[PDB]
Structures are given as C-alpha cells and as structure tokens.
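Virtual Cβ from ideal backbone geometry, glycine too; neighbours counted across all protein chains shown. Taken together, the values in this text are just the output of simple stated rules run on the coordinates, not laboratory data.
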Amino acid sequence: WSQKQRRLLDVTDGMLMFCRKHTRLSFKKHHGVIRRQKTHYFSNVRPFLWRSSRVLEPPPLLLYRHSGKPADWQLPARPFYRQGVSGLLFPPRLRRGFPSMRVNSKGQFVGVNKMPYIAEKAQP
Amino acid sequence: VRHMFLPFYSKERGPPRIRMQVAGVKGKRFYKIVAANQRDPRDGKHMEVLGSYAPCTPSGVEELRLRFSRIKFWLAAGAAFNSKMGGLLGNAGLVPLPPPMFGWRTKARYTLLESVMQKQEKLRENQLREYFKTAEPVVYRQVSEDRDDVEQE
Amino acid sequence: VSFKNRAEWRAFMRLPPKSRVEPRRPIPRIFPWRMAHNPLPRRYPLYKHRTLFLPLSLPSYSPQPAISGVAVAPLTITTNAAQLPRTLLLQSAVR
Amino acid sequence: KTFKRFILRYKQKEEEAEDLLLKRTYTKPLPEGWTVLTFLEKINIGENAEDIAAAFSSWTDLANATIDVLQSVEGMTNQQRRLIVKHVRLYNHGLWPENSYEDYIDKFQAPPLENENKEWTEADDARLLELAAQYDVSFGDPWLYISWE
Amino acid sequence: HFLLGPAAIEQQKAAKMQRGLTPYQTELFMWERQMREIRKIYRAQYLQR
Amino acid sequence: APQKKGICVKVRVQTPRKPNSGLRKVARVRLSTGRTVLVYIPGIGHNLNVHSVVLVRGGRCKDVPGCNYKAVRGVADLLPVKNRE
Amino acid sequence: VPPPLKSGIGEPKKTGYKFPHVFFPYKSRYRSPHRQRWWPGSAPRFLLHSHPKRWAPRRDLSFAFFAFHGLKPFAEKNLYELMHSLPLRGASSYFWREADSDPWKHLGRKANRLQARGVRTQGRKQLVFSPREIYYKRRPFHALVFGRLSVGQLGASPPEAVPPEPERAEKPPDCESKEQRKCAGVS
Amino acid sequence: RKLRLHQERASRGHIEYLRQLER
RNA sequence: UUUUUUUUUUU
RNA sequence: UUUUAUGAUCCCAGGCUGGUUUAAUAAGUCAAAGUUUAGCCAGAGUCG
RNA sequence: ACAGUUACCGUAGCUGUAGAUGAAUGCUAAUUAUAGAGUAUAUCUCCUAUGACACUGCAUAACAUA
RNA sequence: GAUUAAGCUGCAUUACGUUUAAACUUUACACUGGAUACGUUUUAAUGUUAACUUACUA
RNA sequence: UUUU
RNA sequence: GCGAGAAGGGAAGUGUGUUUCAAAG
RNA sequence: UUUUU
C-alpha cells in the first residue's frame, strides 16, 4: 500500500534544523530495574493482559503486486515456548475439548452457564 | 435441536447477545468482545470470550482478533448483536455486509466524488514516470540558487 | 516553510485534534520474554556478543529410520538456536 | 530517527489538503433563493440567529464545517449544535427535498428487472428445473437465490 | 458464495418499497431475511461435523 | 496509630541510671486515649510547661527507665524551632 | 405546588389518603402510573380528572353557571358537549377530528422534540363519523354514541369541509373514535 | 481451488498448524 | 538503538 | 423415648470466593497449611 | 542472609541488615503541554432541597398522492 | 367544609471529635431503556484536578 | 519534545 | 404502552459460600 | 529561554 500512494516531497535546507542534535552518542539514561514488583503488576500488566496464553505478533500477510490479492502459499505460524523447552511427558486432561458443552443422562450434548476461568490456559 | 441452547438462555437476565466491553488503563482503553445476556452489566459476568478490538494502535491501523470457529457457532444459537457489531463482522466476511446509514440508493453524490478521487490518483502516476528517467537528488531554482532535496515515500 | 522557533515546530508535527471522550493514546507492546522487567548489563562488560540460546532436548527416544537414505538420528545433545540441516529434513517431511 | 517521522507526517498533511479541495468544489449548493440566513431561519433556530450566520462566510464553509470548528463560536448551545449537523447531512444526500411519505416512493424507487412481466417459454421451463436440483428445496428459503438468477 | 459475494450488495438495492416506510427500511428488512438463511447453514454444518 | 496527640500536666527532671551521670529533662504527657506516659524532649532548650499540647511518637530511651516515647518539634503546638543547629 | 385532588361530578365522597404512594418517605424517584397531568403540555385522564366538582357562593349561582360545558373553547370541547346543542342531538350528521391545535403541539416542556423528518418547511383524506344511536349517561359530557365510521376527502375551500365522500364502507356502526376534540359538519 | 471467500482462507491456516503438531 | 515496513530476539 | 468429649444445653463479635508476570539446578506443569484491586452467588414485608 | 554480646565450651534470649508499602509527619523542588490500578474510602449534632415538572413513543387514527 | 392530614435506609451545608477522611468538566467512545429505522435520549460511563510513596522517557 |  | 432498589451491609454458625451432578412449563 | 562557531 505504501508503494501505491507515492508522492514527491520537496525538503529545503531550513526544514532539517530540528533534526540535528548536540550530543554525539546515545544510550538508555534510565535503568529498567523495577522498584515495586506487585504495585507495577496490578497497574500496568494486568489491565493490558486479556489472554491466558503468551502469543507474539503474527507475521504480515503477503499479497500480489499486479492483481493485489492474497496468495495461497505464505509463511507458517510462529508458536512460542517457555524457556525453549517444548516437551510434555504427562499432559493433563484439559476441559477445552467441548467449550460450554457437556453430556446429559440421556447421552445428548447440552450446554452450561458458568463464568470461564481467567487462568484456564495458564494452568496446564 | 433447540434443546441444546436451553441452558444458555436466562430468565432473570435475558437472551444471549454479543457486545463489547471497556477495560484497561485510563487513557489507553481497549475494547473486548465477549458474549453475555441483555441485562448483564457492561463489565461483569461473561459466558465466552470471542476476541478483542484495538481501534488505536501504534502502527495506526486498527487491529481485530476474533475466533472463526466460535462466532459462527454462537450465531446458530440465535444470538443478536448491535448495529456497530454487524459492520465490523461484515468486513471480515463472517456475515453479509450490512447497509450503511441512509441506505445505498441515496448514495448518489458519493459515487461521482469517488470517481474524481480515483481519476486523480491515476493521473498522478503518470507524473512520476518521467522523473525516474532524470532523477536528480539536488535541484536548484532560478531564485537564489537555493538547494531543494527530493525524496519519495 | 522554515522552522526557526520552537513554536513553529510544535504547530507542524502534532497530531490533529480529536474528541475528549474517545481514546487518543495507543496500546503498548509487551513481549513474551519481558512482561514487567527489562534485563540489561550493569557491569564492565557492557558491550559484548550475547548470542541467544534455545535448548532443544531429544524429540523422541525411539529409534527413527533414515528418511530417503539420509540419517536423521540425534548425534549430540547440545543444540543451538539455529536449526541444523539434518533436523530441517525431518520437520519438512512432517508437514 | 527524527527523519522517519518527519517525512511520514509531511506526506499525510498533503493528502488531507488535496482531499479537502475536491470536497469543497463538489459541494452541493443551496436552492434558488436560499441564503445563509434563510437556511438557519427555516430550521426554527433560537434567538441567536444573526450571530451564527455572521461567523460563516458562504454555504461552502457551513456544509464542510467539522465538529471541532463549530465549538469555537460562543453563540451555539448543545441543542443547536446537534440540530445543525442533522440538516446539512440530509440535504447533501437529498433526503429532505420535501418532507412527505409520498415523495420517497416516487423518487428513490425504480428497480428495473430484466425478466419482468414476461411469459414462460420452452427454454425457461428447463432452466427452472435445473436450478431446482442445484439448490435444496426442502431446506430454508430456496426462492431467495433462484429468484435472483 | 451468494450471501458473502458481491451479488448480495446489489440484491438489497433492487427491492420494492412500501408506503409509509423510509428508504433505509426497505434494505434493512431485505438484509434481515438474508441473515436468517446463514444461521441455518451454519447450524446444519455444525451438526453434520 | 503512627502518632497520637497529648497534653502535658507534669514537668520534672529524671536522673539517669548508673553509670550514666548528668540530668535528663522529661515530662509526663497525657495521651488523648486517657493514658499517661513519660516522654523525652530531645534537643537543647526547653519550652514545654503545664497544660501544653505536644505530639509524641515512637522511640525508646535507655538512660530514662520506663520512657518509651519521644516528642516531635515543629508539628507540635507552642513548640518553637531549635536554638542552634 | 400541585393542585389539590378533587372528585368529579357524579361520584360519592371518598377518603383522602395520607401519602401519595407507599414509598413516600423512603423512595423519591418512583412514580405512580395514575399520576395527575396538570403541568402545561399534557391532557387530562378523561374520566378521572377533567370535570372536578364545581362550587361557588350563593350570590354567583345562576342558570348560566350550569351552561359552562356548552360554552367551552374549541380547543377543549369534546364530542359529547358538541352534540348536545345541535339539532336532533347531532343525529344524522358528520364529524371529524382536527389535530392541528393540540396543547402539546404548541406548548409544553417537550415541545421541541426531533421528529423523523426534522422540521416542517411548508386536499386530505380525514375520517368521518356518523352518529346513529345516542345514549346519554352523565350529561353533557358523557354518552354512549354508536355510529358508522368511514373515510372522506376534504375540499379545496378555505375552511375544512367534506365534498362528495364518504365513499367506502369501512366498518359497521361502532363506538366513537376519539374524545378529545371534534368539529362541525355539513349535515 | 482459488479460495476467494475469507472463511475458506481462514480455515486453511488452521489445518496447516495442526498437521505440523500431529505425529 | 532498523531510510523508503506497520514486519525484525535490534544489543 | 432422644442428644451427649468425634463437644449434647448455652452468652458476645466476625458473610464466602478469583484475580494471568513473579528471578533461585526452593530452575514448579496450578506460586505449595493460611496474604489482594474493577468480579460471581446472595441479601423479608408493610398505604387498612 | 551475615555479624555483635568477659579475651574457654552446649542451651536460652536480644540489636543492625531483606522483601511486601494496602497510614501519618518533617526538609527541600510547581522544573516541556503525551501522569496510573483498588471498597472511590470511617462515627455524631443543627438547618435547607426532594415528592409530581424523571427517559422514550402521537406508529397514543400522523404532516393524509393531479 | 366537597380528598386539602408532606421532608428518608438517600444527597448537600455548617459544627464537634480524631495522627488522617475528597467538588472542577464543550460532562456526547460504549452498555442500556424506548422504538417501524445506527429515527431519539439519559450525571451510575468516560475524560481532567493530584502531598508522584507506580511504568515509560540523549 | 532532541515528534504537542 | 414499556423500563426503573442499577444510591441497599439491617438478618444468619453449621449458616452464608465452594465442589460433584442433574433439569424437553 | 537561545542556537551551524
């Protein structure tokens, strides 16, 4: 999309006055050392977290040049693993197989009315 | 197979519905799409979480994460939604695109205006073609021999 | 347009005015490897090569055969983040 | 680093400037005999009638007026602000030429159908039978898609 | 492919109006009928799978 | 409570226990909860008298036996600033 | 302050309640369904508060006092009151409702509501009533009038008149339509 | 072939991810 | 602490 | 005939639960007897 | 998680030092205009307002076809 | 005389006690009531004031 | 604001 | 015609809650 | 606040 809406911008010498800076080098001037582990967690971590699993940003979608339509073959998913290890020897029996669905006395499938656990996926 | 949705329906609260929520930190609020009853509070009990919505993102493009295997399943149960919800789902292709405000037949002046904008974009393309043949980083002018840089984006 | 004073610069790069009730600021990004902490060196060795390591143990203890004559058995347990060519063949055929 | 954002901001500013120019040129003018004050007089505006009209110059500046700009004027209450924005949106779309239920069915109603008021021929009978097998009959409303074809 | 295809958009416009109803109402009711067909399709597919 | 206000009704000079010699100025301050307890007045000078309101705080004094409170300068009432410091 | 409660004519004396509603002391936002309508821009409850008991000194009593109903303004004269003075009790006549001078349409708190169209920037077909059977219970403001309801087209004359319709037979002789305001007829 | 609908393309990715994890 | 990217284990 | 130290009779006060990250070969696969912050369930009646 | 308590050795009991910051107070700073999460915080006395004007609908037979 | 019989389990001002105990908005993104209509509208929402007992910031 |  | 305690801590100890199941007015 | 010595 950026390549389609192309424009010619004229930049004069006076427009780059604020771009220049005095200091030559640059680096972090404030250590990332956290002071309060609990106070910060319940102020800037919990509100910004709405999922029970750690998921990274997915890759971008590839489109054609001429036709401008998505292609079939593209990059695969990007699963994430904690500490690199991706092996479980005794996996538990999760309840996510039938979301909001259970078995009745008759054998039929019926729903439920309950609040989902916020840490359902975070407790394997 | 209406027997399978009995539990879902609530006599005290009401029938199921799809809406959004408001949660986060002050100044950086983000929408959260969930499923709940009609009389339920905006921030409270929820049956299942369908996804989220971020109308303001650092990249400048609105993001939308949804479940394709849950939204379709819930609609079969007879779950309604607000007018705004239908528009967002229509673009994703899950449901037919709803008509905009005032309908489609009244959209007469916009059609002509859109054509003018499209024509201008095509004409602008023709202008830049010639530039590449004689691209000059530095171009002066007959005023004060002032330097003027050129850069695309 | 020439930028001379700070007032002129302020009135040229600022975003357009918006409503007071709608959200204006964006949502920050939180990486999986850093939720509420930013590790960094705080010692003499402040600039050195710090390669990322991804431990990968054996996938299966059973004896696997050779795929198309190319052996895909594990030789050593030490594996770096970069995928070895021998392992890339097994995963390619799995899909 | 500063150059990345400076270039992007400059490009966006040009897009808005060019887009606004076309909108003003293709703005729908008022009918014959309708001035700036006449538009605000037929809407049952409050006492502050001449003050609002004085701020604006012509009709183009009023139709294309945004919401933030309208708040600058002191002589505009909440009731008046929400009323003016409704009128400009209706006249632009031609939804308020003459308020009456009879005008809507005569102006915005004329769908021409190709196969309308025509007899059934030998070829038509075969076509209907073929579509019957393609779309399930005893499932939902089979007449919704076959009718369009 | 019909409801989710381009044919659905043009189908709403080609509708007969009724006395006492606004132009937007004619398209709204037509769209509502289409929304009823998609629900049955999903319900049948879910049960079969 | 972190702090509790009180009123002084007795001013005396208690001699510290041996081998610590000298004299230490103390005053019996009546807490707002209807309880009396001795309080030390650190710092040079003295301005507290009978029927004076003073704010006390925590702190133990080894030289003065029993005293387990200290006064606060400035925030208290009718307690001027130090002389030389 | 609100007007005191009064009983209409033809009703026995009742005992006044101590409080307007059950939740008088505790709650304040609750409102009773039978609340009085006296604020400007409303209408009475017909037979609950329209005709309260009328009293005056002995000196003011006269024949003309009893004829107050028949001299009411056009904006408050109902059908019952109108038919009482007409020849033959207004029998074999035509009547129609003119919804152009309602109290709420000119005055009231909510007199500037936003309609679906917006604002009014500028021959009709009004219903016609033909009273057949007339039965007066509580004169001059009460009656059980049965008549034939039909549709008719207005004329081009300055006033509101009915040229050659009624034409279609809508329904058999039924109860009256409205009890708020009515006009005269050609007869 | 040539899945034009958004729903068809969305389901394609789900199958690909599940196939890799299946052994 | 990434020119044309809104992607990047940047270090 | 019935309860009763595995607390029968009996006096005062306290309503139950969840909340994602969280360093260390206490490397938790659910934070390991008991610690919380938008939240679930639940909370009599009266105009005589 | 480490030291100190006669200048010999088991118990026992103390001072400083860690984290969690869900009170108050003292000194010094209003220093670009991208500053936040929770019961939105307790007891008692006098006086004033509320209570008939609270949201919506005339589709509550309306504005009614050359 | 005609029914003439009015001031909270709520909110606000002032005052006392205690180490401490909360008033400034074009209040219009949402949810929700009403409804034939994204046709109306409402302080329980949202955004600002702050002794920072917190994040980010050549 | 060395992006308001 | 429809909605409205959306400002409730006054009652209770084996109770209020939690957990396991069930529910074709 | 000011700004290519």
Amide N of the range E:1-39 lying under 19 Å from the label point, which is placed 7 angstrom from the Cα of B:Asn91 along Cα→Cβ: E:4-6, E:9
Top of B:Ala35, B:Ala92, B:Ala76 by mean-square fluctuation, Gaussian network on chain B, Cα under 10 Å: B:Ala76
Residue (of A:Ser26, E:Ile38, A:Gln3) at the positive-pole extreme of the protein assembly as shown, dipole from beta-carbon charges: A:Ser26
Amide H within-cut-off set for B:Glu48, under 5 Å, with H built and near neighbours excluded: B:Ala35
Size of electric dipole in the protein assembly as shown: Cβ of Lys, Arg +1 and of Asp, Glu -1, about Cα centre, debye, nearest 20: 7860
Among the listed pairs A:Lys38/F:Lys5; B:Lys84/B:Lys107; B:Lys119/D:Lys13; A:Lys69/B:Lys122; B:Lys107/D:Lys86, those beyond 26 Å (Cα-Cα): A:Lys38/F:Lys5
Label-point separation in nm, E:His1 to F:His51, each point 7 Å along Cα→Cβ: 10.3
Dimensionless Rg over Rh [the range A:15-124; C-alpha; Kirkwood]: 1.14
Per-residue Cβ neighbour rank within 10 angstrom, fewest leading, F:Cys61, A:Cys19, G:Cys175: G:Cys175, A:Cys19, F:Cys61
Phi-based couplings in Hz for the range E:34-48 (Karplus 6.51, -1.76, 1.60; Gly and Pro marked x): 4, 4, 6, 6, 5, 4, 5, 4, 5, 4, 5, 5, 4, 5, 4
Measure of compaction for chain C (Cα Rg per 2.2 N^0.38 Å): 2.13
Computed magnitude of the charge dipole of chain D (debye, nearest 20; Cβ of K, R +1, Cβ of D, E -1): 1480
Kirkwood hydrodynamic radius over Cα pairs of the range F:1-62, then Stokes diffusion coefficient at 10 °C and 1.306 mPa s, in µm²/s: 127
For a label point 7 Å along the Cα-to-beta-carbon line of A:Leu63, residues of the range A:1-30 with backbone N under 12 Å: A:1-5
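Report the trypsin sites (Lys or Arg not before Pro) located in chain F that are in a DSSP loop and have at most 14 other Cβ atoms inside 10 Å of their Cβ, or state none.
F:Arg17, F:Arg60, F:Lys62, F:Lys82, F:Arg84
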Linear extension gain, D:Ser100 paired with D:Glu130, 0.36 nm per residue minus alpha-carbon span: 6.2 nm
Cα→Cβ-extended label distance, 7 Å offset, between D:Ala49 and F:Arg30, nm: 7.9
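Using the Cα gyration tensor of the range G:138-187, with a ≥ b ≥ c the square roots of its eigenvalues, what is the shape: rounded (a/c below 1.5), prolate (a/b larger than b/c) or oblate (neither)?
Judged from the Cα gyration tensor, the range G:138-187 comes out oblate (a/c at least 1.5, b/c at or above a/b).
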Beta bridges by DSSP in the protein assembly as shown, antiparallel share as percent, to the nearest 5: 95
Charge dipole of chain E about the Cα centre (unit charges at C-beta), most positive-ward option of E:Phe2, E:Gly20, E:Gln48: E:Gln48
Choice from C:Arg14, C:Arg25, C:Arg43 with maximal GNM fluctuation in chain C (Cα, 10 Å cutoff): C:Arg14
Förster radius 51 Å - calculated FRET efficiency between G:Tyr17 and B:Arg39 (Cβ-Cβ, nearest 0.05): 0.90
Rg and Dmax [Cα atoms of the range B:1-141; Å; Rg one decimal, Dmax integer]: 23.3, 81
Expected-Rg normalisation [2.2 N^0.38 Å, Cα atoms] applied to the range D:9-132: 1.72
Rh by Kirkwood over Cα pairs, then Stokes-Einstein D for the range B:17-96 at 1.567 mPa s and 4 °C, µm²/s: 96
Sequence-distant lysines (8 or more away, or on other chains) whose Cα lies within less than 22 Å of G:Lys53: G:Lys6, G:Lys13, G:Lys14, G:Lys18, G:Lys72, G:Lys77, G:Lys137
Translational diffusion of chain E, µm² s⁻¹ [Kirkwood Rh, Cα pairs; Stokes-Einstein; 4 °C; 1.567 mPa s]: 106
Ellipsoid equivalent to the range G:1-65 - semi-axes via the Cα gyration tensor, in Å: 29, 15, 11
Farthest positive-ward along chain G dipole, Cα basis, beta-carbon charges - from G:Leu47, G:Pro20, G:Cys183: G:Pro20
Kirkwood-type radius of the range A:1-56, with distances r between different C-alpha atoms, in Å: 17.5
Two-decimal Rg/Rh across the range C:56-95, once Rg and the Kirkwood Rh are taken from alpha-carbon atoms: 0.92
Principal axis box of the range G:72-172, alpha-carbon based, largest edge first, Å: 44, 33, 26
Exposed-loop-free span, longest in chain D, where trypsin sites (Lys or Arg not before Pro) count as exposed if DSSP calls them loop and at most 12 other C-beta atoms lie within 10 Å: D:2-117
Sorted by Cβ neighbour density within 10 Å, fewest at the top, the residues G:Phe129, D:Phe6: D:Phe6, G:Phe129
Chain A, relative contact order [Cα under 8 Å, separation at least 6], %: 19
Within-13-Å neighbourhood charge of E:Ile38 [Cβ basis; K, R +1; D, E -1]: +3
Phi to ³J(HN,Hα) by Karplus 6.51 cos²θ - 1.76 cosθ + 1.60 over the range G:56-68, Hz, x for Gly, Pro: 7, x, 4, 5, 8, 4, 5, 4, 4, 5, 5, 9, 6
Cβ charges +1 (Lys, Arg) and -1 (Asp, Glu), total dipole of the range F:12-85, debye: 260
Environment charge at A:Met101 (Cβ cut-off 13 Å; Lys +1, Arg +1, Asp -1, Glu -1): +4
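Provide the convex hull volume over Cα atoms per residue for the range B:111-153, in Å³. Each step should come with its number before you reach the end.
Numbers: hull volume 4.6 nm³, N = 43.
Once divided by residue count, the hull of the range B:111-153 is 108 Å³.
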Surrounding net charge for E:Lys13, when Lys and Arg each add one and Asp and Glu each subtract one, Cβ distance under 12 Å: +1
More than 20 angstrom apart: percent of Cα pairs within chain G: 68
Order of G:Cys183, F:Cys67 - criterion: other Cβ atoms within 10 Å of each residue's Cβ, fewest first: G:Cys183, F:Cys67
Two-site label geometry, B:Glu63 and H:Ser11: point separation in nm, points 7 Å out along Cα→Cβ: 2.8
Overall Cα dimensions of the range D:70-149, principal axis frame, Å, largest first: 73, 28, 18
Rg over Rh, two decimals, the range F:31-85 (C-alpha only, Kirkwood Rh): 0.95
Paired Rg and Dmax values of the protein assembly as shown, which use every Cα atom, in angstrom: 41.6, 131
For the range A:106-115, 3J(HN,Hα) per residue [Karplus equation, 6.51 cos²θ - 1.76 cosθ + 1.60, θ = phi - 60°, Hz, x = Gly/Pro]: 6, x, 6, 8, 10, x, 9, 9, 8, 7
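At a Förster radius of 30 Å, what calculated FRET efficiency corresponds to the Cβ-Cβ distance of B:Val25 and D:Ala65, to the nearest 0.05?
The calculated FRET efficiency here is 0.30.
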